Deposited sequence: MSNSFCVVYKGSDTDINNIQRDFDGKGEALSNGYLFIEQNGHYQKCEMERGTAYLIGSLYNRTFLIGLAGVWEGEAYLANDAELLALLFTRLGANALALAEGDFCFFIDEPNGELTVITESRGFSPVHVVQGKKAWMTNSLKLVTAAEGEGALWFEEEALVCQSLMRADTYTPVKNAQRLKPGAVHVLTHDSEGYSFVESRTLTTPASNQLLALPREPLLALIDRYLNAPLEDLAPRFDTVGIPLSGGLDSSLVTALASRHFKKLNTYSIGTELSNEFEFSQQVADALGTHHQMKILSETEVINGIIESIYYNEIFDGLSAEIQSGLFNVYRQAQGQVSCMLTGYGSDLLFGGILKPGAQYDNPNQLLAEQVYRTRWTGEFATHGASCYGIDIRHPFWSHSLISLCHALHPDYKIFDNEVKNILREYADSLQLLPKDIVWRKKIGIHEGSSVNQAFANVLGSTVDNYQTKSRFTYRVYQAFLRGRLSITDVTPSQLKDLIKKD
């Protein structure tokens, strides 16, 4: 949801500088400050070596509590910070990789040196930035708001927009470090007081051997893992928004959601009379949901793009373009729901990006690459939805489901001139969606404004990176983006 940052030996001035542009509150730590935006969540608890802070939220508390409850009865009533603290002290830092959520866990030790654990999927990207002072934050613009326009040093666009695939620790900010998701990090200072980050991954590469898991056990597993995220949200939400494209992924989420929540709000978007309203409407009627559409203009499409960049700090062309559809939905649902579920990521797990009937030497490898890519882009950041009063959730993106699909036999993902076979089989087994739907132009508009080809994501990344820098340096306002300013960034 809302962002946060920590500044080593920060001053009240640093905090007041941030609050002039970002609403929130500061809290003193042993040797510095902690700032959390107005809609941010966090919990704390005293530990043996210091105070533990858990910023953000947890998505699988039921699973986490079930785990700690194995040895500690107090897990059932522990706050987010206490819960992870139990896992930490009993099973070590590696156990926190088991938690899902847009969270960041850190222990504030007396010596000012803190130990931090970053969530392992990219729901909460964390950076360590070296400015006048050392900062740790999941929002680079907070550092600019505190230290000024020149705080972040950006790399040459030619060196940045030259590659589409990057390590999960990649950042275009020269004076910054992107903390690897799913790792423990200790923020030390040497004899002269210079910042030195000691990092260690909490996970190891999983086996790539084909997983020949029988059909029945597989379907039972998909069902349990897709519903778990919903069973966790149901208890605290009566209404839920869902972006309905009419496609299998979003339709499946709606079908499952109609069994956990009482009120369902579905939203559909199109462009240039090029849409899927036909199918989308059929799903809404089939399940009796509060449906409503909206045909986006070329202007609204670009707006969704720049908004995803501002809020989720996305500098990647492809990712910003895909996020456009979600941001236009947030705007339509704003004030109508507080929780949203999407079918996002399903194509990366079950083979939706594969070409039907085509042959692949290693389809799982091709997919795994895309699952990893999402770790650094910012597509999974929750800031955008938070600023719309929405708790965004992606049911498909759970550790258990992701791991299941990682090496799942391909014939389940691409077979007999079809894709996502096993998902479709699971879909109609619910007896909720019509065979028609189960089956068993943003990229263009974006290219249009830039004056390039639809497939040229290098020119699209050069533009997105442009607005990225302008937004993070504070020279562009998310509230005031004139068409002239946009055109300047284009050419």
Review point. For this chain, which runs of the deposited sequence have no C-alpha coordinates, given in order from the N-terminus?
Key: 1, 442-450, 502-503
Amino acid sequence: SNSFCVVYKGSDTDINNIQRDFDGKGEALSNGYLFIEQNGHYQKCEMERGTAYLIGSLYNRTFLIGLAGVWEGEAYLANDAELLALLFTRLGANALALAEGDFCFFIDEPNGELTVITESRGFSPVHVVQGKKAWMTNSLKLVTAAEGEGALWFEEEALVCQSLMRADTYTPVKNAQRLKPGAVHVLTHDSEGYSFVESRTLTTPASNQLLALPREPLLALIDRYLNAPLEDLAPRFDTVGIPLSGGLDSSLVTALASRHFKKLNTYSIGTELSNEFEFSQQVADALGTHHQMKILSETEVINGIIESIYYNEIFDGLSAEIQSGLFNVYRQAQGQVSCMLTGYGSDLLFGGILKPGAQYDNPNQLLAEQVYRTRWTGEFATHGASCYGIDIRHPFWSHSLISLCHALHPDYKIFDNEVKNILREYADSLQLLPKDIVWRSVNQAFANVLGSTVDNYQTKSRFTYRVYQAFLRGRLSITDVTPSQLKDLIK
From here on, numbers count along this sequence of modelled residues.
Check your understanding: Taking the recorded C-alpha temperature factors, which stretch has the higher mean, 470-478 or 9-17?
Key -> 470-478
Point to revise | 298-306 set against 81-89, stretch whose average Cα temperature factor tops the other in the entry | key: 298-306
Review point. Which has the highest CA B-factor per the PDB entry: 75, 381, 161, 129?
Key: 161
Check your understanding: Looking at 268, 118, 364, 137, which has the highest Cα B-factor in the entry?
Key -> 268
Exercise for review: Would you mind checking where the Cα B-factor of residue 319 ranks among the modelled residues of its chain, as the lowest, middle or highest third?
Suggested key: lowest
Check your understanding: Of the three thirds of its chain by CA temperature factor, lowest, middle or highest, which one includes residue 31?
Key -> middle
Practice item. For residue 57, return the chain-relative third of its C-alpha B-factor as stated in the PDB record: lowest, middle or highest. Key: middle
Check your understanding: Going by the entry, which third of its chain does the Cα temperature factor of residue 111 land in?
Key -> highest
Review point. What third of the chain, by the recorded C-alpha B-factor, contains residue 96?
Key: lowest
